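What follows is the content of upload-v3.cif (mmCIF, C-alpha atoms and all ligand atoms).
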```cif
data_structure
#
loop_
_atom_site.label_atom_id
_atom_site.label_comp_id
_atom_site.auth_asym_id
_atom_site.auth_seq_id
_atom_site.Cartn_x
_atom_site.Cartn_y
_atom_site.Cartn_z
CA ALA R 1 -11.96 2.43 -60.74
CA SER R 2 -10.29 4.75 -58.23
CA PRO R 3 -12.53 7.66 -57.18
CA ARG R 4 -9.90 10.40 -57.08
CA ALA R 5 -11.48 13.27 -55.15
CA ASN R 6 -8.54 15.67 -54.91
CA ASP R 7 -5.46 16.75 -56.84
CA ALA R 8 -3.52 18.04 -53.84
CA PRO R 9 0.27 17.68 -54.19
CA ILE R 10 2.37 15.40 -51.98
CA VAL R 11 5.52 16.29 -50.05
CA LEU R 12 7.97 13.74 -48.63
CA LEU R 13 9.60 14.29 -45.23
CA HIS R 14 12.59 12.30 -43.89
CA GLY R 15 13.60 11.37 -40.33
CA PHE R 16 16.80 11.83 -38.29
CA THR R 17 18.65 10.93 -41.46
CA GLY R 18 17.82 12.46 -44.84
CA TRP R 19 18.99 14.92 -47.47
CA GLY R 20 17.81 16.80 -50.55
CA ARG R 21 17.58 15.54 -54.12
CA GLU R 22 20.72 17.53 -54.91
CA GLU R 23 22.69 15.88 -52.11
CA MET R 24 24.47 12.50 -51.81
CA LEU R 25 25.50 12.62 -55.48
CA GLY R 26 21.94 11.87 -56.52
CA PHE R 27 21.36 8.85 -54.29
CA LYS R 28 17.76 9.30 -53.11
CA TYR R 29 16.71 8.94 -49.47
CA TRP R 30 13.21 8.23 -50.78
CA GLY R 31 13.94 5.19 -52.92
CA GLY R 32 17.59 4.39 -52.29
CA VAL R 33 18.82 1.45 -54.34
CA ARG R 34 15.25 0.63 -55.41
CA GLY R 35 14.73 3.81 -57.42
CA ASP R 36 13.23 7.30 -57.11
CA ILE R 37 9.87 7.28 -55.31
CA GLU R 38 9.09 10.92 -56.10
CA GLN R 39 9.58 10.21 -59.80
CA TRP R 40 7.29 7.17 -59.70
CA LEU R 41 4.54 9.25 -58.08
CA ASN R 42 4.85 12.20 -60.48
CA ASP R 43 4.92 9.82 -63.47
CA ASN R 44 1.68 8.26 -62.26
CA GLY R 45 -0.22 11.51 -61.89
CA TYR R 46 0.67 12.56 -58.35
CA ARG R 47 2.52 15.88 -58.13
CA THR R 48 5.15 15.17 -55.49
CA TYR R 49 7.91 17.21 -53.85
CA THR R 50 10.70 16.43 -51.40
CA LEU R 51 11.46 18.46 -48.27
CA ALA R 52 14.92 18.49 -46.65
CA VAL R 53 15.23 19.80 -43.09
CA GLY R 54 17.84 19.47 -40.35
CA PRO R 55 18.20 15.74 -39.63
CA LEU R 56 19.53 16.17 -36.06
CA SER R 57 17.45 19.22 -35.20
CA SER R 58 14.43 19.38 -32.92
CA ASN R 59 11.02 18.73 -34.45
CA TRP R 60 10.18 22.35 -33.70
CA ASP R 61 13.10 23.64 -35.81
CA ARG R 62 12.31 21.20 -38.63
CA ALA R 63 8.68 22.30 -38.62
CA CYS R 64 9.78 25.93 -38.97
CA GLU R 65 12.18 24.92 -41.73
CA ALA R 66 9.45 22.88 -43.42
CA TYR R 67 7.01 25.81 -43.28
CA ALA R 68 9.41 28.13 -45.11
CA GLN R 69 10.26 25.49 -47.73
CA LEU R 70 6.56 25.14 -48.51
CA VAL R 71 5.36 28.74 -48.70
CA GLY R 72 8.66 30.53 -49.22
CA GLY R 73 10.50 33.01 -47.03
CA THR R 74 13.23 33.09 -44.40
CA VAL R 75 13.06 30.44 -41.70
CA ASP R 76 11.90 31.98 -38.41
CA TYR R 77 12.33 29.76 -35.35
CA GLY R 78 10.40 32.15 -33.13
CA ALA R 79 11.82 34.92 -30.94
CA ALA R 80 10.89 33.20 -27.65
CA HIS R 81 12.16 29.77 -28.71
CA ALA R 82 15.45 31.15 -29.99
CA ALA R 83 16.00 33.13 -26.79
CA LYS R 84 15.02 30.10 -24.74
CA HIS R 85 17.66 27.79 -26.28
CA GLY R 86 20.38 30.15 -27.41
CA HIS R 87 20.43 29.72 -31.18
CA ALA R 88 19.70 32.09 -34.08
CA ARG R 89 16.11 33.16 -34.69
CA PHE R 90 16.47 33.33 -38.47
CA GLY R 91 17.77 30.68 -40.82
CA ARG R 92 17.95 30.00 -44.53
CA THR R 93 15.73 31.58 -47.16
CA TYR R 94 13.64 29.44 -49.51
CA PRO R 95 11.72 30.35 -52.69
CA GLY R 96 8.86 28.12 -51.58
CA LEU R 97 7.69 24.95 -53.31
CA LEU R 98 3.96 25.60 -53.01
CA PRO R 99 3.20 29.30 -52.50
CA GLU R 100 -0.43 28.59 -53.43
CA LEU R 101 -0.93 27.15 -49.95
CA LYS R 102 -1.35 30.72 -48.68
CA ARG R 103 -4.41 30.99 -50.93
CA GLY R 104 -6.66 27.96 -50.50
CA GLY R 105 -4.30 25.21 -51.59
CA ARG R 106 -4.06 21.93 -49.67
CA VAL R 107 -1.29 19.32 -49.34
CA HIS R 108 -0.62 15.70 -48.34
CA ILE R 109 2.43 14.94 -46.21
CA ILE R 110 4.12 11.52 -46.23
CA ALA R 111 6.72 11.22 -43.49
CA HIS R 112 9.16 8.52 -42.50
CA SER R 113 10.63 7.81 -39.10
CA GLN R 114 11.08 10.97 -37.03
CA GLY R 115 9.59 12.98 -39.89
CA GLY R 116 6.24 11.78 -38.53
CA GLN R 117 6.58 13.84 -35.36
CA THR R 118 7.58 16.86 -37.44
CA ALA R 119 4.52 16.56 -39.67
CA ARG R 120 2.24 16.35 -36.63
CA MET R 121 3.84 19.44 -35.08
CA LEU R 122 3.60 21.42 -38.32
CA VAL R 123 -0.16 20.81 -38.36
CA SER R 124 -0.64 21.78 -34.70
CA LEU R 125 1.33 24.99 -35.23
CA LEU R 126 -0.46 25.84 -38.50
CA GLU R 127 -3.83 25.44 -36.78
CA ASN R 128 -3.20 26.96 -33.34
CA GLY R 129 0.14 28.72 -33.66
CA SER R 130 2.08 29.32 -30.45
CA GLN R 131 0.92 31.31 -27.42
CA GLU R 132 4.42 31.55 -26.00
CA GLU R 133 5.64 33.16 -29.23
CA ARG R 134 2.52 35.34 -29.43
CA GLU R 135 2.70 36.59 -25.84
CA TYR R 136 6.46 37.11 -26.15
CA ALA R 137 6.09 39.11 -29.37
CA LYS R 138 3.98 41.66 -27.49
CA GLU R 139 6.19 42.12 -24.42
CA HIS R 140 9.31 42.70 -26.50
CA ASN R 141 7.69 44.32 -29.53
CA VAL R 142 9.29 42.12 -32.18
CA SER R 143 7.99 40.73 -35.46
CA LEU R 144 5.98 37.51 -35.38
CA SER R 145 6.00 34.77 -38.02
CA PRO R 146 2.52 33.90 -39.38
CA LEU R 147 3.19 30.26 -38.44
CA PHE R 148 2.69 31.08 -34.75
CA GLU R 149 -0.51 33.04 -35.35
CA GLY R 150 -2.56 29.92 -35.96
CA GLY R 151 -5.57 29.69 -38.24
CA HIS R 152 -3.84 28.11 -41.23
CA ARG R 153 -5.09 24.67 -42.20
CA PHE R 154 -3.74 23.76 -45.60
CA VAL R 155 -2.62 20.26 -44.65
CA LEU R 156 -5.14 17.65 -45.78
CA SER R 157 -3.45 14.45 -44.61
CA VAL R 158 -0.45 13.22 -42.67
CA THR R 159 0.91 9.72 -43.23
CA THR R 160 3.62 8.34 -40.97
CA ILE R 161 5.75 5.31 -41.73
CA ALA R 162 7.80 3.73 -38.91
CA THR R 163 7.42 6.82 -36.76
CA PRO R 164 8.44 6.76 -33.09
CA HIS R 165 5.25 8.51 -31.92
CA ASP R 166 6.07 7.29 -28.43
CA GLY R 167 9.83 7.28 -28.87
CA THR R 168 12.33 4.44 -29.19
CA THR R 169 14.34 2.70 -26.49
CA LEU R 170 17.45 2.80 -28.70
CA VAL R 171 18.24 6.14 -27.05
CA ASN R 172 18.91 4.24 -23.80
CA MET R 173 21.82 2.24 -25.23
CA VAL R 174 24.91 2.86 -23.09
CA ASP R 175 26.97 3.94 -26.09
CA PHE R 176 24.10 5.54 -28.00
CA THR R 177 26.09 8.73 -28.62
CA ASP R 178 28.74 6.92 -30.66
CA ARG R 179 26.30 4.42 -32.16
CA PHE R 180 23.93 7.09 -33.43
CA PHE R 181 26.66 8.76 -35.47
CA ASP R 182 27.93 5.38 -36.67
CA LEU R 183 24.44 4.97 -38.16
CA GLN R 184 24.83 8.31 -39.99
CA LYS R 185 28.16 7.01 -41.28
CA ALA R 186 26.59 3.67 -42.28
CA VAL R 187 24.08 5.45 -44.50
CA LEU R 188 26.88 7.51 -46.05
CA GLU R 189 28.74 4.32 -46.95
CA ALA R 190 25.61 2.69 -48.33
CA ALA R 191 25.06 5.65 -50.65
CA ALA R 192 28.76 5.75 -51.53
CA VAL R 193 28.73 2.07 -52.48
CA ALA R 194 25.59 2.52 -54.58
CA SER R 195 27.28 5.33 -56.53
CA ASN R 196 30.69 3.65 -56.73
CA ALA R 197 32.36 6.55 -54.96
CA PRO R 198 34.50 7.04 -51.87
CA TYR R 199 32.28 8.07 -48.96
CA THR R 200 34.72 10.96 -48.50
CA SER R 201 33.28 12.47 -51.69
CA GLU R 202 29.69 12.52 -50.41
CA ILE R 203 27.66 15.70 -49.95
CA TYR R 204 25.50 15.75 -46.81
CA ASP R 205 24.52 19.11 -45.32
CA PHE R 206 23.19 18.91 -41.76
CA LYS R 207 21.71 22.41 -42.02
CA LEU R 208 22.85 23.58 -38.56
CA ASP R 209 23.03 27.28 -39.47
CA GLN R 210 21.07 28.37 -36.38
CA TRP R 211 23.80 26.86 -34.17
CA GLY R 212 26.66 28.18 -36.28
CA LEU R 213 27.71 24.61 -37.06
CA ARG R 214 29.14 23.62 -40.45
CA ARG R 215 31.69 21.10 -41.70
CA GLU R 216 34.92 23.01 -42.32
CA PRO R 217 36.80 22.71 -45.64
CA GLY R 218 38.95 19.59 -45.62
CA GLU R 219 37.33 18.38 -42.39
CA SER R 220 36.22 14.75 -42.59
CA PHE R 221 32.77 13.60 -41.49
CA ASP R 222 34.39 11.53 -38.75
CA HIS R 223 35.94 14.70 -37.33
CA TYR R 224 32.74 16.69 -37.83
CA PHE R 225 30.62 14.09 -36.02
CA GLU R 226 33.05 14.28 -33.09
CA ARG R 227 32.44 18.03 -32.87
CA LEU R 228 28.69 17.50 -33.12
CA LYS R 229 28.62 15.06 -30.18
CA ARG R 230 29.91 17.86 -27.93
CA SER R 231 27.70 20.59 -29.37
CA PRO R 232 24.26 21.93 -28.37
CA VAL R 233 22.71 19.90 -31.21
CA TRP R 234 23.50 16.86 -29.07
CA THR R 235 23.61 18.19 -25.49
CA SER R 236 20.52 20.43 -25.36
CA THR R 237 16.84 19.52 -25.10
CA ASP R 238 16.18 21.33 -28.39
CA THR R 239 17.36 18.27 -30.33
CA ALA R 240 16.12 15.25 -32.29
CA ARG R 241 17.98 13.28 -29.65
CA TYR R 242 15.61 14.46 -26.93
CA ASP R 243 12.46 14.16 -29.05
CA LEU R 244 13.41 10.58 -29.97
CA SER R 245 13.47 9.43 -26.34
CA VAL R 246 10.40 7.96 -24.67
CA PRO R 247 10.02 10.89 -22.25
CA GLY R 248 10.75 13.41 -24.98
CA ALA R 249 8.10 11.91 -27.26
CA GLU R 250 5.62 11.95 -24.39
CA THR R 251 6.36 15.63 -23.74
CA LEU R 252 5.78 16.14 -27.47
CA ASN R 253 2.45 14.29 -27.28
CA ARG R 254 1.12 16.51 -24.50
CA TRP R 255 0.62 19.51 -26.79
CA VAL R 256 0.86 18.17 -30.34
CA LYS R 257 -2.67 16.86 -30.91
CA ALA R 258 -4.50 15.50 -33.95
CA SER R 259 -6.45 18.17 -35.83
CA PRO R 260 -10.11 17.33 -36.53
CA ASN R 261 -9.63 18.78 -40.02
CA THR R 262 -6.92 16.43 -41.30
CA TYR R 263 -6.66 12.71 -42.00
CA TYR R 264 -3.89 10.80 -40.24
CA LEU R 265 -2.62 7.46 -41.52
CA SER R 266 0.06 5.39 -39.81
CA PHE R 267 2.12 2.45 -41.02
CA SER R 268 3.97 0.21 -38.57
CA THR R 269 7.00 -1.90 -39.39
CA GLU R 270 8.63 -4.99 -37.90
CA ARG R 271 11.53 -7.26 -38.84
CA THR R 272 12.13 -9.43 -35.79
CA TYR R 273 11.12 -12.85 -34.49
CA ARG R 274 10.41 -13.89 -30.92
CA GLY R 275 12.68 -16.25 -29.01
CA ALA R 276 10.66 -19.14 -27.58
CA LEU R 277 12.42 -19.50 -24.21
CA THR R 278 13.93 -16.07 -23.63
CA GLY R 279 10.90 -14.09 -24.77
CA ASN R 280 13.22 -11.54 -26.38
CA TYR R 281 13.18 -10.41 -30.01
CA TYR R 282 15.82 -11.03 -32.67
CA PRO R 283 16.66 -9.65 -36.17
CA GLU R 284 15.24 -11.62 -39.09
CA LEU R 285 17.38 -12.62 -42.05
CA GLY R 286 17.65 -9.70 -44.44
CA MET R 287 17.57 -6.83 -41.93
CA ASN R 288 20.13 -4.19 -42.92
CA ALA R 289 23.47 -5.12 -41.34
CA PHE R 290 24.05 -2.13 -39.07
CA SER R 291 20.70 -2.60 -37.32
CA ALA R 292 20.98 -6.39 -37.07
CA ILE R 293 24.34 -6.22 -35.33
CA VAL R 294 24.23 -2.94 -33.40
CA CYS R 295 20.61 -1.97 -32.75
CA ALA R 296 18.06 -4.79 -32.92
CA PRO R 297 19.66 -6.96 -30.23
CA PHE R 298 19.29 -4.16 -27.67
CA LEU R 299 15.85 -3.06 -28.85
CA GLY R 300 14.65 -6.65 -28.62
CA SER R 301 15.81 -7.13 -25.04
CA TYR R 302 15.78 -3.80 -23.20
CA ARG R 303 13.09 -3.56 -20.52
CA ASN R 304 12.31 -0.89 -17.91
CA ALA R 305 9.60 -1.82 -15.43
CA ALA R 306 9.29 1.66 -13.93
CA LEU R 307 8.16 3.01 -17.31
CA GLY R 308 6.08 0.08 -18.50
CA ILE R 309 8.58 -0.75 -21.26
CA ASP R 310 7.80 -4.47 -21.31
CA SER R 311 7.63 -7.45 -23.67
CA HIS R 312 5.23 -5.63 -25.98
CA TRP R 313 8.02 -3.11 -26.65
CA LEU R 314 10.63 -5.63 -27.82
CA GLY R 315 9.34 -6.26 -31.35
CA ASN R 316 11.03 -3.74 -33.64
CA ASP R 317 12.14 -2.74 -37.14
CA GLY R 318 15.82 -2.46 -36.28
CA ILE R 319 15.59 1.16 -35.11
CA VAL R 320 12.19 1.79 -33.51
CA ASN R 321 9.93 -0.33 -31.27
CA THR R 322 6.96 -1.49 -33.35
CA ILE R 323 4.46 -0.61 -30.59
CA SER R 324 5.51 3.03 -30.79
CA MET R 325 4.44 3.55 -34.43
CA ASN R 326 0.67 3.23 -34.84
CA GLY R 327 -0.09 6.56 -33.18
CA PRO R 328 0.61 8.85 -30.20
CA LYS R 329 -0.42 7.04 -27.02
CA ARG R 330 1.75 8.23 -24.13
CA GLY R 331 0.68 11.66 -22.94
CA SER R 332 -1.85 11.76 -25.79
CA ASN R 333 -5.63 11.68 -26.23
CA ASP R 334 -5.55 11.15 -29.99
CA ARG R 335 -7.78 8.25 -31.06
CA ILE R 336 -6.31 5.34 -33.01
CA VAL R 337 -8.67 3.28 -35.18
CA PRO R 338 -7.84 0.12 -37.18
CA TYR R 339 -8.29 0.66 -40.92
CA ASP R 340 -11.74 -0.74 -41.77
CA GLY R 341 -12.03 0.33 -45.39
CA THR R 342 -12.78 4.03 -44.97
CA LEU R 343 -10.38 6.78 -43.89
CA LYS R 344 -11.61 9.09 -41.14
CA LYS R 345 -10.34 12.54 -40.21
CA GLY R 346 -9.30 13.71 -36.77
CA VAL R 347 -8.14 10.20 -35.91
CA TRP R 348 -5.23 7.86 -36.55
CA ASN R 349 -6.12 5.32 -39.19
CA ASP R 350 -3.95 2.34 -38.24
CA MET R 351 -3.11 0.95 -41.68
CA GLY R 352 -1.33 -2.13 -40.36
CA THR R 353 2.09 -3.61 -39.72
CA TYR R 354 4.44 -4.51 -42.55
CA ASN R 355 7.35 -6.95 -42.56
CA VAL R 356 10.15 -4.54 -43.54
CA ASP R 357 12.85 -2.82 -41.54
CA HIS R 358 13.45 0.89 -40.96
CA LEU R 359 15.61 1.38 -44.06
CA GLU R 360 14.06 -1.21 -46.39
CA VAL R 361 10.76 0.66 -46.25
CA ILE R 362 12.28 3.68 -48.02
CA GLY R 363 14.52 1.60 -50.27
CA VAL R 364 17.92 2.42 -48.75
CA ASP R 365 18.35 -1.28 -47.93
CA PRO R 366 17.24 -3.96 -50.40
CA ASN R 367 14.44 -6.47 -49.80
CA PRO R 368 13.17 -8.19 -52.97
CA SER R 369 10.11 -9.45 -51.07
CA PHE R 370 8.92 -5.88 -50.58
CA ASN R 371 7.19 -4.45 -53.66
CA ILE R 372 8.12 -0.88 -52.76
CA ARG R 373 6.65 0.55 -55.97
CA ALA R 374 3.18 -0.91 -55.37
CA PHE R 375 3.31 0.13 -51.70
CA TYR R 376 3.69 3.83 -52.46
CA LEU R 377 1.47 3.88 -55.55
CA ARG R 378 -1.31 2.33 -53.48
CA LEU R 379 -0.79 4.88 -50.72
CA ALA R 380 -0.93 7.81 -53.16
CA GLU R 381 -4.16 6.38 -54.61
CA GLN R 382 -5.74 6.35 -51.14
CA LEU R 383 -4.63 9.90 -50.38
CA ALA R 384 -6.00 11.05 -53.75
CA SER R 385 -9.42 9.61 -52.87
CA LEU R 386 -9.82 11.81 -49.78
CA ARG R 387 -12.46 14.54 -49.98
CA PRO R 388 -11.43 18.00 -48.65
CA CA R 401 17.27 -6.15 -46.53
ZN ZN R 402 15.40 25.31 -31.85
#
```

Translate the structure of the given file into structure tokens.
Ligand SMILES: [Ca+2]
Ligand SMILES: [Zn+2]
Amino acid sequence: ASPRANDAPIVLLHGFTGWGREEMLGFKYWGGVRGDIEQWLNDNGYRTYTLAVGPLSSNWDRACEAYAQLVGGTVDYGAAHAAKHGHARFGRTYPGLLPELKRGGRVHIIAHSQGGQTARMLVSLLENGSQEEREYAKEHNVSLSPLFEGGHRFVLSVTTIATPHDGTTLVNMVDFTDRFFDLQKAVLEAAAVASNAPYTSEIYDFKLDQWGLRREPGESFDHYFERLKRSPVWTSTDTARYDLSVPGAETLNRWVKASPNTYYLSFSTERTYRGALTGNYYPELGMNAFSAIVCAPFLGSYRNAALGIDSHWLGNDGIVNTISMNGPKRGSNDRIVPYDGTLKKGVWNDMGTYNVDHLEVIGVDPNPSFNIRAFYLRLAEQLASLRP
């Protein structure tokens, strides 16, 4: 007897990896080899859509891209921001998935991994806009996107799954630059295997129009990734790379605060066991191969006393430190409350820690012990019970 109190639609938002439903030959980021999560939700009475923003781009850019995809229009990164980092101010044009948001409509956002930071930033911007963009618009007499005006609050809830709210120490790996792109390649091969196709036939658009970056005809991904490593999308502070780091996440937390008008839910993940003598953390059986061999070992043993990255930071889901996921803590004043049966707004409702890794939670990597269908159907039911 679920007391559904709202019929607000749901939009899915990926992390530093992710593509649209028309990409990767149909292999879904949200569902992977387990199925199509969006389809399951729609079939069960929950109108759901999928967003696709720049995977390697800054959370700010993604938020601007997300805004346009929701209400329609040309992406506007902000005159001040664009002049500050040296990339185009305008991007792609979208028809808009939910134009009714500009007229009283509300929406639920479910985000995975880095997508959780993006969702939080979208809310902050919608509610307060941006002074820097406002003040700059005056001085130079240029148009201003409504996103930076503030005063728009059509987001009802934000749910984050395995989000590095306080960053991830993976960024500190000595060869992180090459390892990060090997991860991108690992996902391409996983999709390619699932579809019985050569990974060279995959379609994966990184949406780097603002930087003038695009894979050239005939150019392989391997060659494209090499160009990316030396580009602003990897060497500037306006990148996912920077926002993923512990200090970048903290900088993010200083201004991106929880709105008192929206419900925040967070899900933590873990797939490692503790070593009795060493005290370090190791990958459990079943963790996707790339993480188990390349990432988890480092995540489960890297410490940094100067920054308080201690033994409580070693548990992880193969990509992000478990302690970073339940809510913003570093440089933040947001309140985190353990789920006690009732969801509260303006605070982070810690929904618990689940025994699944970073990719198993979205279905890209198998795990028969994880009833992924029930997990998401139960989440949708909870979001549908929230009163506006
Ligand atoms: Ca697995
Ligand atoms: Zn930017």

Tell me which protein, DNA and RNA residues are within 10 Å of residue R:171, counting all atoms listed in the file, leaving out same-chain ones fewer than 5 positions away, and put them as a PDB file with C-alpha atoms, keeping the file's coordinate frame.
```pdb
ATOM      1  CA  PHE R 176      24.100   5.540 -28.000  1.00  0.00           C
ATOM      2  CA  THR R 177      26.090   8.730 -28.620  1.00  0.00           C
ATOM      3  CA  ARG R 179      26.300   4.420 -32.160  1.00  0.00           C
ATOM      4  CA  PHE R 180      23.930   7.090 -33.430  1.00  0.00           C
ATOM      5  CA  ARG R 241      17.980  13.280 -29.650  1.00  0.00           C
ATOM      6  CA  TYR R 242      15.610  14.460 -26.930  1.00  0.00           C
ATOM      7  CA  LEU R 244      13.410  10.580 -29.970  1.00  0.00           C
ATOM      8  CA  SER R 245      13.470   9.430 -26.340  1.00  0.00           C
ATOM      9  CA  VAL R 246      10.400   7.960 -24.670  1.00  0.00           C
ATOM     10  CA  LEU R 299      15.850  -3.060 -28.850  1.00  0.00           C
ATOM     11  CA  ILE R 319      15.590   1.160 -35.110  1.00  0.00           C
ATOM     12  CA  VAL R 320      12.190   1.790 -33.510  1.00  0.00           C
TER      13      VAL R 320
END
```

Separation of atom CA of residue R:183 and atom CA of residue R:270, in Å?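 Separation between atom CA of residue R:183 and atom CA of residue R:270: 18.7 Å.
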
Selection within 6 Å of ligand CA 401 (chain R) by all atoms listed in the file, output as an NGL selection string: :R and (286-288 or 360 or 365-367)

Can you tell me how far atom CA of residue R:279 sits from atom CA of residue R:170, in Å to one decimal? 18.5 Å

Counting only C-alpha atoms and all ligand atoms, what are the residues, protein, DNA or RNA alike, that approach ligand ZN 402 (chain R) to within 8 Å? I want them as number ranges by chain. R: 57-58, 60-61, 77, 81-82, 85, 87, 210, 238-239

Give me, please, the distance in Å between atom CA of residue R:198 and atom CA of residue R:357, quoted to one decimal. 25.9 Å

Using all atoms listed in the file, list the residues that have an atom at most 8 Å from (2.3, 4.4, -37.6), coordinates as in the file, as a VMD selection string. chain R and resid 159 to 165 265 to 268 324 to 327 350 to 352
